[PDB]
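One chain comes next, on its own, written out as structure tokens in the form deposited in one PDB entry.
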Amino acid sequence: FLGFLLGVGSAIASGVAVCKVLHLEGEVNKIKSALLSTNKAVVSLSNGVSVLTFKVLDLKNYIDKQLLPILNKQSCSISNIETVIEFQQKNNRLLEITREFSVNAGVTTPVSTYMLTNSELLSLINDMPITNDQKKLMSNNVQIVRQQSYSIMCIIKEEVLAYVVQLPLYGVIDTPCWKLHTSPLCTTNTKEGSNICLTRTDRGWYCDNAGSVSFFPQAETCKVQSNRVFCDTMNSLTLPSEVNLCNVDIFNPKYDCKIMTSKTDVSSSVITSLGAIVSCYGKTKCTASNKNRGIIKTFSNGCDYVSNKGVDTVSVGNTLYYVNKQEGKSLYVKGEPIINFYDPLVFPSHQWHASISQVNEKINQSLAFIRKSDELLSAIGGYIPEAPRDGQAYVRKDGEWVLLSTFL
């Protein structure tokens, strides 16, 4: 829900900035001529930035040691084999690379094995200025690293081709993360339409980070891998750790927990890491089953939960959700649905987004500025009008100031 609080980056501004640098006439030669015939220099340029460079395919030479070993006794003959194969499959790579940039207009991700080979990838990961915890991590998860990398077509010149490659740096590793799953909480009372609901909007991934918490509102900009979560900080907000107080006591004075109000009590489920939340409302059929032996729990209206120990499946309405079979312990923490603490009669109809205390404020606003303007109207059938400004000194009597006659 909270993705519209994200800022907005420019994912390949760094790669493109390296590219821009390669176009200063002198700069390419400097690269070419520094890979003279080492295959991995670390050139520096006109602005004088540290460009680790890396030649992965010499075809100038390979073709100019069989333009020569074939421009002589061909025309024309049969040569042999070995020299086709070695080529065939070098050129091949370049064709793959070339496809990729063609269809993605010069920018690709994940970064392919043709764009950079495990062999090549693992060297880079090896001379990287990073700790060994990182080196290992990247090394045990190359296809993930590929998925977080971009490749950028850069220059094609007389006889150089360069592209920039943007590899993830994992500056934060092995800190404790967690995932918050939420579903709508409503009253379950009987006349369709009388009901009110509230949904914590603060779902996503959360990871401890540099004393604060990094929060990811679109929980699918994070890929889990057994028990490691790969995220990208570009799609995160930095929050006080107090945000976790929302899972301890949603009313806490230290952090103002985000919710959404409505009257739309419709049924659904959220499948968690080790079970299912079920928000069953109205006439909906909501169920949970174990595979071998069918339905084993039937849900009542309101919001409830089953672990994955024994359950394989959960059905809500006409939607069958398979549950994750991941091993872990769940714990069902009993408590009173907080929607039960609110008078429907001055609950906010819909509120895109608010916080617990914002709702509280509106409710005061409404409570107060009703009953003051009500014990105001609890002084009526008991006030009296102005007797004319033409000198008249009547004496209050009858529901009118009549032409008197009795006790004066």
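Just count from 1 along the sequence shown to find any residue number. In this text, rigid core is short for the largest set of C-alphas that superpose within 1.5 Å between two forms.
There is also a form deposited in another entry; it is not shown, and the following applies to it.
- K73 is the only residue from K73, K283, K291, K136 whose Cα shifts by 2 Å or more between the shown form and the other one, the rigid core being superposed.
- After superposing the rigid core, the Cα of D174 is displaced by less than 2 Å between the shown form and the other one.
- Once the rigid core is overlaid between the shown form and the other one, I339 does not reach a Cα shift of 2 Å, moving by less than that.
- After superposition on the rigid core, displacement of the C-alpha of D232 between the shown form and the other one stays below 2 Å.
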